[PDB]
Amino acid sequence: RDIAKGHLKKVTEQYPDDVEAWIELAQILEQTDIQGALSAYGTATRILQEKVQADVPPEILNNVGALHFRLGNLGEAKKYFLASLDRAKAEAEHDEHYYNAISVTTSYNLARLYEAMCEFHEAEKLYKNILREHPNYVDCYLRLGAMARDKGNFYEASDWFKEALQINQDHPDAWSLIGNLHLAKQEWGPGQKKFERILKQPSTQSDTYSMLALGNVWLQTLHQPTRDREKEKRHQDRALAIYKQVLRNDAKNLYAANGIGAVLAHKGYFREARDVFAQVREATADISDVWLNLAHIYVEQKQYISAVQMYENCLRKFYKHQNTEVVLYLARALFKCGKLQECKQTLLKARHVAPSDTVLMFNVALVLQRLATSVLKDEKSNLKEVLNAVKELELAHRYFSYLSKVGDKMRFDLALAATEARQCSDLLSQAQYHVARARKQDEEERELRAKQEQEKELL
Amino acid sequence: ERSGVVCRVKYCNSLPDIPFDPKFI
Amino acid sequence: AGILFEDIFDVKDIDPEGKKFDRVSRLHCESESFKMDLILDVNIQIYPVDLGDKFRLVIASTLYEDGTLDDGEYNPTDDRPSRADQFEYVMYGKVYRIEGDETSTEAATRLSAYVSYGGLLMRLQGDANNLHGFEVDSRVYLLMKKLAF
Amino acid sequence: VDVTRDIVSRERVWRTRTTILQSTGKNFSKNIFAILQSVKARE
Amino acid sequence: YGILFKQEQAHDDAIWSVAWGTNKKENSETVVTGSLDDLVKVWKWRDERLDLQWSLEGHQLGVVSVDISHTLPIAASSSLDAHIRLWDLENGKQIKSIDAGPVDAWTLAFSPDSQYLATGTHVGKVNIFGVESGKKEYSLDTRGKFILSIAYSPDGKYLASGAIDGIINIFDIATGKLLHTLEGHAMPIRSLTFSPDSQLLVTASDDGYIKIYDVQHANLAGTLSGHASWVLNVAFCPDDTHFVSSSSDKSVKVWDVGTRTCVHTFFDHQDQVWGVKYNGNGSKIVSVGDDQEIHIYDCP
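Chains as they are written, first to last, in the numbering used here: chain G, 48 to 506; chain P, 14 to 38; chain Y, 62 to 210; chain A, 519 to 561; chain R, 399 to 698.
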């Protein structure tokens with residue numbers, strides 16, 4: 048490709064009646080910067096009009112719209128695809144170049160665009176118009192199940208994805224979609240190894256996608272209290288061998304190092320985890336995974352003032368507003384006045400979307416007590432706050448009773464509510480004591496204002 | 014107070030989905 | 062340690078006011094993780110940058126990893142392992158102004174740390190907490206390096 | 519049918535699954551396996 | 399089709415709902431909202447301008463739901479503090495405080511007769527409290543996971559409920575019995591409302607499709623592709639010609655209820671909008687959200 052670029056730079060300057068020189072320019076620049084292929088198609092579109100009145104073939108309009116599909120010019124790529132359809136339909140005598148396949152690819156990108164333009168009805172209808180004329184096509188049959196997978200992972204998505212595999216079992220795309228179905232419900236933790244080892248035969252080897260999906264389903268088995276039983280240590284060493292193998296054959300794969308940092312953090316090296324993750328961070332930081340893995344170290348080292356932003360930055364994506372798993376990571380070691388009262392606000396933002404979780408209802412209580420012991424022990428503080436503190440404490444104690452009745456827990460029984468409930472049963476007596484302080488302070492400010500008002504009467 | 018906030022730290026690792034680039038004929 | 066600040070940045074403009082000097086240009090940048098604004102003069106002659114370039118900028122107090130707080134004089138002849146060995150552009154200077162959104166009552170939320178690398182000015186600007194490492198008339202190093210991504 | 523070989527023979531796949539895994543740049547494992555091996559000798 | 403009034407910094411914290419009147423009983427000109435900073439501001443849309451009229455306090459936790467009674471100029475507000483406090487827009491005072499303990503307190507549902515108040519329970523049932531009583535009168539025995547939305551019809555003939563798994567429970571407020579159960583979704587239904595004629599029922603799930611079902615025979619009338627994020631709030635125009643849709647993408651699309659087409663979209667909100675509601679005539683469309691900015695959208 049280097050020789051084609053250096054040859055194209057020689058025909059670009061000089062003008063020996065260049066007609067197809069700009070086509071071969073953009074045909075290399077689709078992998079490199081996506082603006083360069085666009086600049087070549089703009090001039091290649093107009094250079095085909097000076098020799099004769101000849102319409103642009105659909106093959107150039109289809110590809111120029113394909114570049115704009117990945118960009119934010121979705122409406123303009125839509126006009127390119129509509130015009131590519133109208134032009135390829137006009138090719139009634141181009142039976143050798145198969146105008147029909149050109150309209151097929153243009154309509155495929157057009158339904159791919161409509162799926163992305165908040166319009167799945169038109170994408171479904173366009174993708175079914177390819178199914179009705181050529182059921183031996185795979186991407187149009189795979190992209191239909193994805194649209195229904197938004198409404199749920201048990202509709203015609205889980206059925207269309209397996210029907211595509213029986214017609215083409217040597218399709219790594221269609222078979223990798225199968226393991227993605229079992230990722231909704233992780234009850235197939237150990238049992239997914241079989242179905243992930245189907246296309247691990249040497250004719251498909253090497254496949255980095257499957258080998259790393261193995262390491263992911265193997266890492267999910269960590270975070271268990273059975274590490275002293277010489278069970279999770281073998282799991283760390285097994286996944287580390289998987290990652291070392293896909294490292295020796297691919298040094299530039301990021302995901303290999305991704306899991307390596309996860310295991311090294313599970314070994315207790317937070318100080319030496321930053322280094323491993325650095326290489327990953329530098330390449331592309333714009334992966335959902337990194338904003339989290341990185342964020343754990345900062346919160347680990349009592350650095351919330353770099354941790355709180357990274358959580359926010361993940362949430363900048365157009366997918367949600369109030370996730371549970373983020374905010375769980377958010378409150379770790381929070382003790383600060385801006386880290387406690389404000390932490391309540393984010394916890395409430397999380398419970399607003401789904402209160403059925405036990406841990407939000409538990410944490411909201413823990414924080415509440417934190418704040419209350421910080422006004423009702425050493426304080427000797429504002430008057431109004433004392434009134435408010437007992438209100439909070441009542442709410443907390445109501446929750447301690449309500450929690451206890453709940454069957455399922457966070458994979459850890461909540462039987463330990465006794466010391467927190469003891470720690471509000473005594474703090475009610477602290478509220479009954481410190482409200483006397485309130486009154487003492489009350490009379491103090493009243494006598495202060497009067498002994499000041501008399502000085503003003505002297506003047 | 015007594016102890017820190019409960020949280021299940023787990024260094025997760027995800028995989029991306031199929032790109033489905035538009036076919037450049 | 063002694064790492065007063067770090068983030069990745071990108072070049073948003075090379076000299077948008079228009080190139081005022083031949084060997085030096087006003088990089089304008091924003092940071093990737095802390096969302097800091099930055100203005101930074103660099104030796105565009107010995108270290109060229111374009112728009113859309115990414116670089117890891119590590120503002121440091123010292124050069125030596127152990128944080129042994131060197132004196133402030135030039136000595137080339139030195140065995141001790143430095144931070145400069147993993148960077149491309151390294152400069153030395155004074156923070157000559159710190160400025161912020163202080164009110165009469167409450168504290169600041171944002172700081173501008175201004176530093177002069179012997180004449181080559183820099184304003185790093187954003188969250189006060191991420192800038193708590195800086196104090197006026199302290200000495201400082203730049204330690205930037207271009208990301209090939 | 520011929521509609522399959524009519525499209526799979528002219529199209530261009532610039533990105534696929536494995537493309538997503540490697541960096542766009544040049545990040546070898548000399549700076550990765552070095553620390554990976556250094557962590558094992560201290561243990 | 400644009401924006402008339404632009405209320406900058408309408409709260410200290412994010413707004414989670416918005417309530418506006420539709421009758422002439424001193425409700426259509428006043429705007430009642432409930433945000434997370436525990437300020438139930440009573441905005442009086444007087445002189446074509448959004449003015450504050452009352453500032454009510456007392457909620458422990460942020461307001462989750464605000465709505466105006468149809469045949470009455472009073473209002474109420476629920477939250478997660480298990481303390482549903484009734485209010486009055488005639489004096490800015492508190493009527494009562496229904497202690498819906500321990501936690502079982504969700505969005506409100508004024509009856510059109512302004513005599514009952516529905517509130518979700520964590521057990522799966524739909525508790526129907528009484529406006530002037532405060533006690534639990536009668537509760538629907540349809541258990542499950544949790545009620546995420548409850549709505550009353552403008553003439554009072556049906557009642558639906560959004561579960562956590564996309565289960566519409568069409569109740570009968572005239573006898574108190576479950577009649578249909580529409581399960582065309584598997585996404586947690588955020589909110590819903592009834593058509594001005596009680597014929598169509600929109601459902602705002604977390605799949606970005608506006609599946610408008612029917613109530614008379616419990617059937618789907620057509621799948622409308624909504625936004626790409628999750629439709630949070632959804633209201634119908636009083637004259638029954640259009641309907642607005644609040645998503646979680648900073649996007650205020652106004653879809654057509656007859657042709658199922660977006661007739662206009664607003665992008666003035668820097669954050670996600672959380673509440674949308676019409677006016678008495680359907681021209682001014684009020685909108686709130688995390689931007690804490692109350693925009694008044696005119697579509698003559």
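A virtual CB, placed ideally from N, CA and C, is assigned to each residue, including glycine.
Do residue j and residue i have their beta-carbon atoms positioned less than 8 Å apart in this structure?
| i | j | result |
| --- | --- | --- |
| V671 of chain R | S685 of chain R | yes |
| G315 of chain G | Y290 of chain G | no |
| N296 of chain G | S257 of chain G | no |
| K543 of chain R | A572 of chain R | no |
| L440 of chain G | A485 of chain G | no |
| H115 of chain G | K23 of chain P | no |
| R588 of chain R | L618 of chain R | no |
| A549 of chain R | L590 of chain R | yes |
| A342 of chain G | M357 of chain G | yes |
| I344 of chain G | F382 of chain G | no |
| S122 of chain Y | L65 of chain Y | yes |
| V652 of chain R | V661 of chain R | yes |
| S92 of chain Y | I69 of chain Y | yes |
| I550 of chain A | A304 of chain G | yes |
Looking at the unbroken alpha helix (DSSP H) that takes in residue i, where does it start and where does it end?
| i | result |
| --- | --- |
| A465 of chain G | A464 to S472 |
| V156 of chain Y | First-last for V156 of chain Y: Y153 to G161, but that is the beta strand (DSSP E), not the alpha helix (DSSP H). |
| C361 of chain G | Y351 to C361 |
| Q416 of chain G | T405 to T420 |
| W207 of chain G | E203 to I214 |
| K57 of chain G | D49 to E60 |
Roughly how many whole angstroms lie between the Cα atoms of residue i and residue j?
| i | j | result |
| --- | --- | --- |
| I225 of chain G | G574 of chain R | 45 Å |
| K487 of chain G | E167 of chain Y | 29 Å |
| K299 of chain G | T255 of chain G | 12 Å |
| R444 of chain R | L203 of chain Y | 58 Å |
| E14 of chain P | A464 of chain G | 14 Å |
| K422 of chain R | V440 of chain R | 17 Å |
| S472 of chain G | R483 of chain R | 27 Å |
| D34 of chain P | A170 of chain G | 16 Å |
| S537 of chain R | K523 of chain R | 7 Å |
| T469 of chain R | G161 of chain Y | 54 Å |
| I352 of chain G | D188 of chain Y | 9 Å |
| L576 of chain R | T519 of chain R | 17 Å |
| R134 of chain G | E60 of chain G | 31 Å |
Could you give the residue range of the beta strand (DSSP E) that holds residue i?
| i | result |
| --- | --- |
| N525 of chain R | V524 to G528 |
| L178 of chain G | Run containing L178 of chain G: none in the beta strand (DSSP E); it sits in the alpha helix (DSSP H), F167 to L178. |
| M183 of chain Y | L181 to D188 |
| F37 of chain P | Here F37 of chain P belongs to no beta strand (DSSP E), and DSSP marks it neither H nor E. |
| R444 of chain R | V438 to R444 |
| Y178 of chain Y | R171 to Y178 |
| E455 of chain R | Premise fails: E455 of chain R is in no beta strand (DSSP E) and is neither H nor E. |
Chain C beta carbons: is any one of them nearer than 8 Å to that of residue i?
| i | result |
| --- | --- |
| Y174 of chain G | Absent from the structure: chain C. Protein chains present are G, P, Y, A and R. |
When you check each C-beta in the stretch 308–334 of chain G against every C-beta of chain Y, which residues fall closer than 8 Å?
Here the close residues are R328, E329, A330, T331 and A332.
Counting pairs of Cβ atoms below 8 Å between the stretch 414–424 of chain G and the stretch 455–473 of chain R, do you hit three or more?
The stretch 414–424 of chain G, when compared against the stretch 455–473 of chain R, does not touch it at the 8 Å Cβ threshold.
Closer than 8 Å is the cut-off here; do at least three beta carbon pairs connect the stretch 399–415 of chain R with the stretch 426–444 of chain R?
At 8 Å Cβ cutoff, the stretches touch.
Okay, do the stretch 70–79 of chain Y and the stretch 210–223 of chain G touch, 3+ Cβ pairs below 8 Å being the bar?
In this structure the stretch 70–79 of chain Y does not lie against the stretch 210–223 of chain G, because fewer than three pairs of beta carbons, one per stretch, are closer than 8 Å.
For the stretch 338–361 of chain G, list every residue whose C-beta sits within 8 Å of some C-beta in chain Y, in sequence order.
Residues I352, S353, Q356, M357 and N360.
Quick test of the definition: if touching needs 3 or more C-beta pairs under 8 Å, does the stretch 178–190 of chain G touch the stretch 151–164 of chain G?
The count of Cβ pairs closer than 8 Å, one atom from the stretch 178–190 of chain G and one from the stretch 151–164 of chain G, reaches three, so the stretches are in contact.
Is the stretch 172–179 of chain Y close to the stretch 528–541 of chain A, with three or more CB pairs under 8 Å?
Taking 8 Å as the limit for Cβ pairs, the verdict is that the stretch 528–541 of chain A does not touch the stretch 172–179 of chain Y.
Select from the stretch 283–300 of chain G all residues with a C-beta closer than 8 Å to any C-beta belonging to chain A, and list them in chain order.
Residues of the stretch 283–300 of chain G whose Cβ lies closer than 8 Å to any Cβ of chain A, in chain order: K291, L294, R295, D297, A298, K299 and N300.
Taking contact to mean at least 3 C-beta pairs separated by less than 8 Å, is the stretch 470–480 of chain R in contact with the stretch 494–510 of chain R?
Because the criterion of three Cβ pairs below 8 Å is met, the stretch 470–480 of chain R and the stretch 494–510 of chain R touch.
For the stretch 476–510 of chain R, list every residue whose C-beta sits within 8 Å of some C-beta in chain G, in sequence order.
Per Cβ criterion, the list reads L478, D479, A480, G499, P500 and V501.
Three-pair Cβ contact test at 8 Å for the stretch 605–622 of chain R versus the stretch 665–679 of chain R:
These segments do not touch.
Taking a Cβ distance cut-off of 9 Å, strictly less, list which residues of the stretch 267–282 of chain G are near chain P, in chain order.
For the stretch 267–282 of chain G, which is checked against every Cβ of chain P, the residues closer than 9 Å are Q267, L269 and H270.
For the stretch 217–245 of chain G, which residues have a CB atom closer than 7 Å to at least one CB atom of chain P, in sequence order?
Listed in sequence order: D220.
Going along the chain, which residues of the stretch 80–97 of chain Y sit with their C-beta nearer than 8 Å to a C-beta in chain G?
From the stretch 80–97 of chain Y, only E93, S94, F95 and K96 have a Cβ closer than 8 Å to chain G.
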